[PDB]
Structures are given as C-alpha cells and as structure tokens.
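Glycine gets a Cβ as well: all are built from the backbone with ideal geometry, and neighbour counts include every protein chain shown. Values in this text are rule-based calculations from the coordinates and carry no lab data.
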Amino acid sequence: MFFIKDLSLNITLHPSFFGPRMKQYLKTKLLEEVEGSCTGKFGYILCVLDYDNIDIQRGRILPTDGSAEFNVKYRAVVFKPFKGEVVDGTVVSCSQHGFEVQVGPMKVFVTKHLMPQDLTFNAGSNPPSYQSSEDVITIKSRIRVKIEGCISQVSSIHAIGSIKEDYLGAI
Amino acid sequence: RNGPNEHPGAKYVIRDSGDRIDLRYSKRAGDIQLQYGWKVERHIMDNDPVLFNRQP
Amino acid sequence: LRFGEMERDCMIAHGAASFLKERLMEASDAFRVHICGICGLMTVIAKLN
Amino acid sequence: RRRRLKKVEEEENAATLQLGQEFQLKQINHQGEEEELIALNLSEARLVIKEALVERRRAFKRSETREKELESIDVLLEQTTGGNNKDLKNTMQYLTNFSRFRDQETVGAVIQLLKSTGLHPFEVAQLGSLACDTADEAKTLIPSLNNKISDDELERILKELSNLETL
Amino acid sequence: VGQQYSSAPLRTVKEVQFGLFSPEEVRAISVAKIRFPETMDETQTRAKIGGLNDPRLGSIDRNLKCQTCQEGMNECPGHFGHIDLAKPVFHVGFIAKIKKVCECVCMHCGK
Amino acid sequence: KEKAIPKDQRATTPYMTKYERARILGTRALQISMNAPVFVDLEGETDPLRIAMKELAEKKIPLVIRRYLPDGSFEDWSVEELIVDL
Amino acid sequence: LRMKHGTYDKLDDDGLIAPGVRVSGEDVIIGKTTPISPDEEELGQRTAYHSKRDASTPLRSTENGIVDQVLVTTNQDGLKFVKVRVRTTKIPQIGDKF
Amino acid sequence: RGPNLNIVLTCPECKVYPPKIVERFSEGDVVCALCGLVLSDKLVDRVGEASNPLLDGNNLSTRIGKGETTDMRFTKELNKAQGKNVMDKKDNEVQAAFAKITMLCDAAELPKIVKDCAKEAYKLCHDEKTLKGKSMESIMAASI
Amino acid sequence: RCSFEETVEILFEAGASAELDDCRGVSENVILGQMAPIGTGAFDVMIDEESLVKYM
Ligand SMILES: [Zn+2]
Ligand SMILES: [Zn+2]
Ligand SMILES: [Zn+2]
C-alpha cells in the first residue's frame with residue numbers, strides 16, 4: 001500500500017561541501033540516499049514530495065569525524081506492505097519452490113503450500129510454469145496475491161503470499 | 001619514498017576505504033600513488049606537539 | 001605506558017576533553033557494539049554481511 | 001517515556017486494520033498539526049508521484065495509451081532522478097500497467113465518490129485499487145469492510161466505480 | 001582494517017539505567033542452554049555442544065567464527081547462556097537487603 | 001524550541017573563551033586537512049592549523065558555538081560576532 | 001608452523017648456535033619443535049606437508065651480542081636441556097647512571 | 001558433520017591462494033607479504049588455572065578451604081556435601097588410582113615422566129572388559 | 001561513585017534501587033569513552049549557513 005508519510009533523516013556532510021552552495025548538496029544527498037531505499041519501519045521510500053521545501057535544520061559538527069550532521073525533514077511517498085493485504089502484480093520468476101510476483105518495489109513469494117492443490121509445477125515447459133485445468137501461471141502473467149506474512153529488517157522487507165482463497169490467482 | 005627505515009620517513013599508508021598498507025613489503029610493487037583524503041602515518045618530525053609527562 | 005587516573009585528572013584540569021577521549025579510545029581499547037532501543041543490553045545479534 | 005521495556009504490541013495485520021505503531025489513523029505533520037493518515041490507491045499514487053517528478057524536472061531546467069505512456073515515464077524518470085533508481089523505475093512501470101483511473105478528473109471523482117462511506121483511509125484506498133464486480137468479492141478481498149458497510153451501499157459503489165473508469 | 005560497516009545509526013550513550021534481571025528476561029536473552037559441566041568434547045578437538053564453551057555463546061579464538069552471528073573474534077561481542085537452577089538461591093550481595101525487606105513485610109501474607 | 005534563548009536576551013559573555021578558540025581552531029583545521037573550502041587568501045601556508053589561525057584572525061570561520069546552560073537551554077554565538085581578545 | 005619471523009641461518013643441525021657467532025635481535029638461539037595434533041587449521045597455510053610447530057627461544061629484541069657458551073646436559077628427570085650464554089659490551093653513554 | 005566456522009585470511013587484492021602471510025607480532029598485524037596490505041589488526045598476544053587435557057580429560061573441580069576469617073562449622077559441612085556427589089564419584093576412582101601410582105613412583109625415586117606414563121597408561125587401559133578380573137595391584141604395577 | 005571506593009557494593013545498591021545515571025560527570029563519560037562536557041566539550045560547534053553564503 002502507498003502512503004504519504006512525514007519522515008526525518010540524519011545526513012552527514014563531508015567538509016569538502018562546506019561551501020556557499022551546501023544546501024544544494026544536502027538536497028542531492030537526500031535524493032541519492034533516500035529515494036530507492038528500503039526501510040522496515042516506513043517501507044520502500046519511493047519519491048520525495050515538495051523537493052523545493054525540504055526543511056534543513058542547523059548542522060552539528062561531529063567531534064572526531066569533522067563532518068556536519070543535518071536533521072532533514074521531508075515529505076515522501078512510501079510503499080509499506082501489510083499482512084492480510086490483497087495486491088496485484090506480475091510473476092517475475094518461477095521455480096520448483098514457487099513463483100513470486102512483482103508488486104511495486106517489492107516481491108512476494110508464493111510457496112507451494114500456499115497454492116491450490118490443483119496447480120502443479122511443470123519444469124518440462126520452457127519457461128517453467130504451474131499448469132492447472134482452468135489457468136496456467138507463467139512469467140509475465142498477472143496474479144492477485146494476498147500477503148500472508150511480512151518480515152521487515154532495518155533495510156529489507158520480504159513477504160509471502162497465497163492464492164488459495166477465492167477471487168485470487170490469475171486475473 | 002624514504003620508507004620506514006630512514007627518518008624522516010613513513011611506515012603506513014591508509015586509503016579512503018580504510019585499507020592500510022605497510023610500506024615494508026610494499027616496495028615490491030614499486031611506488032604508491034597518494035590521493036586526496038588518504039592518511040600517511042609518518043615519523044614524528046620537529047616542531048610536532050607532543051604531551052610530556054612525569055609521574056606521579 | 002599506563003595513562004593512569006592521575007594523568008586523567010591533569011587532562012581534565014587542562015580542559016582537553018577531546019585529547020582525553022583520544023587517549024582512552026583511539027590509543028587504547030576501542031569496541032563497537034549494538035544495543036536495543038527497548039532494552040539497553042548488548043544482546044543484539046548483528047549479521048553485518 | 002520512562003517505561004521503555006518490552007510491551008505486548010498488536011501484530012501488524014491488515015484484516016484487523018492494525019497498521020502498527022507508526023501508521024495509526026491520527027498523524028502529526030512536521031509543523032505539529034494533527035492530520036489523518038494519507039492512503040493512496042494505485043491511480044492516486046501514480047498521479048502524486050508523477051506530479052512531483054514533473055515539478056522536479058522544472059526546478060532543474062528552470063534553475064495516451066499505456067505503451068507510449070510507459071516510454072514517456074521512462075525517459076522522464078531517468079532525467080529527473082539520481083542514481084540507484086531501480087526501485088522507483090519498477091514502481092512507475094507497475095503503476096501505469098495496473099492503474100485504473102488515468103487523469104485527475106476521473107481520479108478526483110473517485111475520491112469524491114468513496115469518501116461518503118466514512119471508512120478507514122486504508123479501506124477506501126483498497127477499494128480504489130482492486131476492481132471488484134460483486135459485494136462478496138470486495139468483502140472477502142477486504143475483510144475489514146465486513147460489518148461496516150451494507151451490501152446495498154457497497155453494490156452501488158462498486159458499480160459506479162466501474163462506470164467511472166475507461167481506458 | 002577495522003570493524004565492518006554497519007547500517008545501524010550511530011549514537012552516544014545519554015543515560016544508564018541499572019536494575020535486576022528477571023528470570024524470564026535471562027531466558028529470553030540467552031542464546032543457548034548450558035547443561036554439561038565440561039568445556040570440550042571427548043576428543044578435545046572442538047568445544048562440546050551445550051557445554052560451558054558452547055560455540056553459540058561466541059568465540060575467543062582468532063581462527064574460529066561465532067555460530068550465532070558468523071563474525072570474527074574482533075567483531076563478536078559475545079552471547080549469553082543461562083543455567084536453570086534446581087532451587088532458588090540468594091544473591092550474595094543482596095542477602096543483607098533481603099533480610100531488611102523480610103522484616104519490613106509480613107512473612108505469611110507479604111504485607 | 002523553548003531551550004533556544006533569543007538573540008536579544010543572551011546573557012553570556014561576548015568574548016570567546018580559550019576552550020572555544022581551541023576547539024574552533026582544531027575543528028576548522030581538521031576540515032582544512034580534509035579538503036574544505038578555505039575562505040581566506042593564502043600567501044603560502046601548508047599547515048592546516050596555521051590556515052585556521054589566519055581565518056580566525058580575519059573572521060572567516062563559518063561556525064556558531066552553541067553555549068549550553070545547566071538547565072539544558074543554549075545560546076548560539078557566531079564566531080564572527082564573538083570577540084577574540086585573550 | 002608458527003615459525004618466528006627471525007632468521008634461523010645461524011642455527012646448526014642440532015638447533016643450537018655454536019659459540020663465537022654474532023647474534024642480533026629476533027635471531028633464534030635455540031631451535032625447538034613439537035608435534036601438532038591434526039585437524040587444526042589456522043590462517044589456512046596448514047597443508048599435509050606441515051607436521052611441526054616452532055617453539056624456539058629467540059634472543060631479546062633490544063639485545064645483541066656474541067654467543068659465549070653452549071652446554072648440553074640432562075636434568076633430574078633425564079630430559080635434554082641446554083644453556084646458552086651471550087656476551088655484549090656496554091660502553092658509557094648519555095643516560096647511564098654513575 | 002558440523003558447521004565450518006573456519007576463517008582463511010587471503011589478500012583480496014593479490015588473490016594468490018595460498019597466500020604468503022607474515023605475522024608482525026611487535027606491530028600486532030597480519031600483513032600480506034607481496035603487497036603489504038594488512039589483513040587483520042589489533043592482534044592479541046593469575047586469572048586462570050593449570051589444567052592437563054590428557055591425564056584428566058575434561059574435569060573441572062574446586063576445593064573449599066579456610067580464609068582470613070571463617071567459622072569451622074561451615075567448612076566441615078560443605079566438605080561433607082561436596083564428597084557426596086554421584087557424578088564426581090566415577091572420576092574419583094581414576095584419581096584415587098593416580099594418587100596411589102604417584103605414591104609408588106615417588107617411593108621408587110623415579111623421574112616425573114615415569115609417574116606420568118604410569119598414570120596415563122592406567123587411564124588408557126582402564127574401564128575395559130578384558131581387565132576386570134585382575135587385581136588393581138597388578139594393574140598399577142604393569143602400568144609402572 | 002563506584003570509581004572512588006566500594007565499587008561493587010554501590011553497583012548492587014543501584015541495581016536494587018534501579019538508579020538512573022544521566023552521565024554528566026567526567027567519570028561516566030570516561031567509562032563510556034565519549035567526550036565529557038568539560039573544557040572544550042562544554043559547548044557544541046555547529047555550521048552556520050547564514051555565514052557560508054556571505055564568505056564568498
Ligand atoms: Zn531488546
Ligand atoms: Zn557472536
Ligand atoms: Zn597482497
């Protein structure tokens with residue numbers, strides 16, 4: 001799910017950027033260090049809103065490092081997964097263990113135990129696919145996956161989904 | 001160039017990545033090219049400030 | 001060479017706060033540990049790799 | 001602020017609308033004013049992200065079908081974004097291929113439509129992100145909706161959503 | 001060389017809170033249970049599993065890793081075990097304090 | 001921010017202290033040694049500490065000293081406005 | 001294995017430097033080895049070729065001189081043991097106490 | 001049959017395996033001999049007890065004795081409690097045999113190694129089916 | 001307090017009393033290996049953005 005969240009970060013600037021245009025460097029650092037990053041607390045931080053109105057607080061020089069630490073307050077859009085959520089995605093890859101969909105910046109793993117009984121793995125077909133009487137699941141296919149569990153690390157998030165429930169699976 | 005066996009000289013060269021090179025055993029690869037931001041551990045020279053103490 | 005308590009007091013009198021830290025940390029044992037925000041114990045299993 | 005030791009925290013589950021300790025319904029902005037949680041459906045998120053990117057492009061220089069649109073977003077994303085944009089590139093590609101409402105007019109109506117239900121911000125975003133044909137499908141796909149909106153209102157809301165979306 | 005890079009934020013200690021370990025906290029904090037009074041196995045080649053020098057508790061040898069964090073000696077801070085005492089025992093440093101508390105409260109209803 | 005005393009009601013001394021001068025010179029010397037933009041013209045100087053002393057003399061050190069108070073309140077004093085008489 | 005970084009050139013086939021040879025810092029004076037139990041690898045570098053570990057007695061790092069005498073005999077238990085004496089000349093300099 | 005938990009120090013730059021490693025004990029560093037890159041720093045060189053791994057295996061024990069201040073009543077009961085240990089009883093038999101071997105060897109004016117070999121020989125050949133119907137005196141003499 | 005005398009007895013009392021140490025004195029910071037709020041450490045050095053633009 002996508003949210004607009006208020007976030008704060010501590011950015012450290014090397015003294016080489018302690019010039020008249022240091023504010024621009026901090027803004028550049030925020031894009032290069034926040035956008036495209038993953039955090040288990042706020043999820044995947046995608047885009048920074050109001051890039052021109054980022055609040056930069058006074059910088060504190062670290063005693064030994066000599067670099068200035070800046071507290072930066074910004075507004076950004078974050079994709080945070082949840083257990084029990086229903087999402088749609090594309091099957092990036094398939095294997096014996098299962099097939100995983102590509103939902104936004106995240107990948108949801110669908111285990112065989114989380115799949116319906118009828119579906120069976122078939123490695124003879126190129127590319128490998130799960131075939132059943134009603135539908136066939138292959139790379140690039142569209143699947144409606146329900147997240148059955150999420151593990152969030154400080155800089156990584158992994159989720160597992162199921163398609164056993166009704167109105168799930170191939171779209 | 002002087003090395004750790006001739007004062008004034010140096011004993012180690014530390015790169016920006018944290019890797020430290022011991023000038024002993026390092027001459028096999030010829031000279032080393034220093035770069036800005038690196039650290040060179042060199043022998044204490046004249047006029048260097050040091051702390052001088054006597055106990056108790 | 002020991003940097004004893006009496007030596008620490010003199011540096012405190014001199015006001016060299018940064019030098020005192022340098023002697024006690026960079027010139028001697030220095031260790032980095034991970035602590036939990038809920039409990040202030042060094043019981044965090046960190047897989048740095 | 002003193003009892004920092006472990007307390008039993010509710011599990012993060014969407015079915016119970018327990019989004020965690022940080023995604024609560026009430027949120028505080030940087031100024032300090034109380035604000036509601038901002039949940040965006042797929043269509044709304046695409047517009048918000050794109051609206052920021054286009055503004056970002058203007059700042060630097062100053063100082064349609066899915067196929068061609070996908071290319072248009074691709075070129076814009078690279079120009080107006082820095083390195084390590086792997087996650088963002090996939091996000092924009094996913095949003096375009098899965099978004100249902102294209103422009104602001106349709107998106108604005110959708111917001112003008114579902115806010116009358118008074119549901120949780122997470123629930124309304126789910127309704128605008130997942131296409132459901134019958135009340136039962138929405139109820140099972142979004143368990144939180146159960147015992148919150150009657151099938152009579154839900155059936156008409158989904159029908160109006162389908163008639164407000166064109167490609 | 002120095003210690004490896006870590007993604008966790010770096011801060012400075014601002015307050016130290018003392019206290020006493022609860023029996024539950026010790027078990028939760030502990031990474032392994034010690035049940036053998038030996039230190040090395042019968043072969044005296046590798047430390048016995050479940051013994052005092054359990055590999056899960058950490059490592060003090062420059063050539064061995066920690067079975068918990070898979071990190072070297074200079075990086076592993078050490079991990080705590082726990083021993084389940086058959087019967088409760090007094091804390092030698094709190095015997096005097098325990099005596100004072102016992103007099104303060106009733107020995108039948110604890111009031 | 002109730003701990004930031006306004007500039008109009010600052011009651012601390014307007015003179016730089018020896019510890020403040022020592023840290024400012026050392027703080028800026030480290031930055032110079034790490035390739036920081038020097039704001040003062042150099043007539044020939046290689047020691048970072050000597051460069052910092054030149055900057056302090058001409059008041060070209062872009063730093064402010066946050067003087068803390070025993071209750072937690074602080075006052076921000078710019079190096080340029082601090083009198084260096086000691 | 002674990003051979004000291006010093007030099008073993010001055011040692012003889014018996015691991016002892018003969019009298020009259022000049023010695024300096026880190027020079028091994030008494031060469032000794034002990035068998036090592038297999039299944040122990042340190043820093044790699046431990047192949048099937050290695051079967052011993054160094055247990056030598058090097059000269060003091062700050063001291064140098066010439067080996068005076070070397071006597072070989074047995075202790076009360078009959079085990080082999082040796083004594084090595086080294087001569088060096090001390091000349092008055094700045095910092096000598098009189 | 002168990003986790004590796006083995007670390008091999010190789011130079012990332014030189015990449016030559018096996019590497020030439022020199023241990024600078026005085027500098028406390030492990031440095032590559034070809035390029036000089038340091039692979040490990042802060043190398044480490046009574047708060048312990050003298051333990052013999054072979055003749056005693058893995059057996060750790062502590063004695064109870066008087067201190068600067070102590071009441072005789074506490075010492076006696078604690079020693080009595082310590083003796084009544086079922087698990088330590090099994091190892092005490094080997095220790096008791098070692099004590100008698102020590103007495104016999106000492107009374108014979110024999111070298112220390114002879115006593116050590118006799119104790120080790122008893123331990124290796126004790127607790128075996130073949131030697132169960134033989135007097136302990138013959139067992140000790142044969143080991144000596 | 002433990003740095004002076006009765007180190008273990010004081011620490012046990014703090015544990016029973018659940019004492020909170022704010023780490024203001026030299027002894028606390030010296031134990032923790034961080035700059036104490038003394039002399040040069042009695043203040044914070046910050047970067048002035050208003051002045052950076054005016055020095056060029
Ligand atoms: Zn914790
Ligand atoms: Zn470990
Ligand atoms: Zn190398």
**Amide hydrogen neighbours beyond the local backbone of A:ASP55, cut-off 5 Å, H modeled** = A:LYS73
**Request:** Enumerate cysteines in chain E without a disulfide-compatible partner, where compatibility requires another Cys Cβ under 4.7 angstrom.
**Result:** E:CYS69, E:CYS102, E:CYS104, E:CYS106, E:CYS109
**Prompt:** Taking other Cβ within 10 Å of each residue's Cβ, how do F:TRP77, B:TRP38 sort, fewest first?
**Reply:** B:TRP38, F:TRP77
**Message:** How many angstrom lie between the Cα centre of the range D:60-108 and the Cα centre of the range H:1-18?
**Reply:** 46
**Item:** Cα gyration tensor category, rounded, prolate or oblate, for the range H:41-144 with a/c compared to 1.5
**Value:** oblate
**Asked** Whole-Hz Karplus ³J(HN,Hα) for the range A:81-94, in order, using 6.51 cos²θ - 1.76 cosθ + 1.60 and θ = phi - 60°, x for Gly and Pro?
**Response** x, 9, 6, x, 6, 10, 9, 10, x, 10, 6, 5, 8, 9
**Note, ³J(HN,Hα) from phi for the range A:58-66, Karplus 6.51, -1.76, 1.60, rounded to Hz, x at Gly and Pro** = 4, x, 10, 6, 5, x, 8, 4, x
**Message:** For the range B:5-33 and chain I, what is the centre-to-centre distance using only Cα atoms, to the nearest Å?
**Reply:** 38
**Asked** Taking H as built 1.01 Å from N, whose amide H comes closer than 5 Å to the amide H of H:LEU37, not counting residues under 5 places away?
**Response** B:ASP22, H:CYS32
**Request:** Counting helices only, and only those DSSP H runs with n ≥ 4, report the 222 nm mean residue ellipticity of chain H as the sum of -39,500 (n - 2.57) divided by its residues, in deg cm²/dmol to the nearest 500.
**Result:** -12500 deg cm²/dmol
**Prompt:** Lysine pairs, Cα distance under 16 Å, 8 or more residues apart or cross-chain: how many in chain G?
**Reply:** 6
**Asked** So what J values fall out for the range E:97-108 if you push phi through Karplus, 6.51 cos²θ - 1.76 cosθ + 1.60 with θ = phi - 60°, rounded to Hz, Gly and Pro as x?
**Response** 5, 4, 4, 5, 5, 4, 5, 4, 9, 6, 8, 10
**Prompt:** Given Cα pairs under 8 Å that are at least 6 residues apart, what percent is the relative contact order of chain F?
**Reply:** 40
**Request:** Could you grab the relative contact order for the range A:1-82? Cα pairs under 8 Å, six or more apart, rounded to a whole percent.
**Result:** 47
**Prompt:** Averaged over E:67-74, how many beta carbons belonging to a partner chain fall within 10 Å of each residue's beta carbon?
**Reply:** 5
**Item:** For chain H, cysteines whose Cβ has no other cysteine Cβ within reach (under 4.7 Å)
**Value:** H:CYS35, H:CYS105, H:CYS117, H:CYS125
**Item:** Residue order, fewest to most surrounding Cβ atoms within 10 angstrom, among D:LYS26, F:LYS18
**Value:** D:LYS26, F:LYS18
**Message:** Under the rule of at least 5 residues apart or a separate chain, name every residue whose amide H is placed under 5 Å from the amide H of A:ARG144.
**Reply:** A:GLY169, A:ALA170, A:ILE171
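Within the set E:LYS87/H:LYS66; A:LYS5/D:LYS7; A:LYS29/C:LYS47; C:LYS21/D:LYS6, which residue pairs have Cα atoms separated by over 31 Å?
C:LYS21/D:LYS6
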**Request:** With springs only between Cα atoms under 10 Å apart, run a GNM on chain E and tell me which of E:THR45, E:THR12, E:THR68 wobbles the most.
**Result:** E:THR12
**Exposure proxy order (Cβ contacts within 10 Å, fewest to most) of F:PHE74, A:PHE82** = F:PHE74, A:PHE82
**Message:** Quick check: the distance between the Cα centres of the range A:25-90 and the range E:9-50, to the nearest angstrom?
**Reply:** 37
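Based on the Cβ-Cβ distance of A:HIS14 and I:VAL53, what FRET efficiency does E = 1/(1 + (r/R0)^6) give at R0 = 22 Å, to the nearest 0.05?
E(calc), rounded to 0.05, equals 0.70.
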